[PDB]
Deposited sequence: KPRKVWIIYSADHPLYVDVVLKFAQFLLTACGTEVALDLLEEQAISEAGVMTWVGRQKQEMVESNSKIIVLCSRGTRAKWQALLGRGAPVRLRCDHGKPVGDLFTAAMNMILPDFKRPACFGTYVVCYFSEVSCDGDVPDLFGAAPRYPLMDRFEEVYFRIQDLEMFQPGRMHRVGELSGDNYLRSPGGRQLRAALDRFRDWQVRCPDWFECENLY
């Protein structure tokens, strides 16, 4: 049985969604890791609840000793602030499973035994440390891809080089493309936010 993983993220813009999908594919084609990703299960999410689906993903990871990757970004920051009632609610065009997933995993962060399940990341090219919700507090943060090595170790239970691995250049092209856009359109996030 290959390593399985659940990716949690905020769908901030079609370009960042593509970054996320390319990462998922990199994990599969470069690391032989199976990924639970909401993009890939729209039907299941449709029929079962969104809460039912999120609850089902977490359950499968924890009981199989598999990791939950938290991908942090501009949207995870804003959605967390909203959850805290210290920022307006967010209504993103691409949406909200990140908020649902945050509700689901929340209690785990008063449980030290549960921290090793979570792998807290953000892509340094398009996102920043300040994007990580303080819910994760003292959990290690991995700037990707600078520190993907460490994330790999955790996914594998152990103890720009990825560009030559299958799917690495595609992920990097996706990163570059979103980055250039944030430069071209600095208010990209605010444009994604409806009402």
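Comparing the deposited sequence with the modelled residues, the stretches lacking C-alpha coordinates are 96-101, 166-180.
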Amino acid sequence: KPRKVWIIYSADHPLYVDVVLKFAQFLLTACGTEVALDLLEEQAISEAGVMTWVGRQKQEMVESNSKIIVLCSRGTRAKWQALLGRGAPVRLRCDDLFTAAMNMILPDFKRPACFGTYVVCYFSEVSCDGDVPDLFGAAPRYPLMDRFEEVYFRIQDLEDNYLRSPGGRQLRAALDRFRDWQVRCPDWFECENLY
From here on, numbers count along this sequence of modelled residues.
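Once the C-alpha B-factors are averaged per stretch, 45-53 and 128-136 rank with 45-53 first. For the two regions 35-43 and 22-30, the entry's Cα B-factors average higher over 35-43. Among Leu144, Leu163, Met61, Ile69, the highest C-alpha B-factor recorded in the PDB entry belongs to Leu163. Annotation for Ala88, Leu97, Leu84, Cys121: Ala88 ranks highest, by Cα B-factor.
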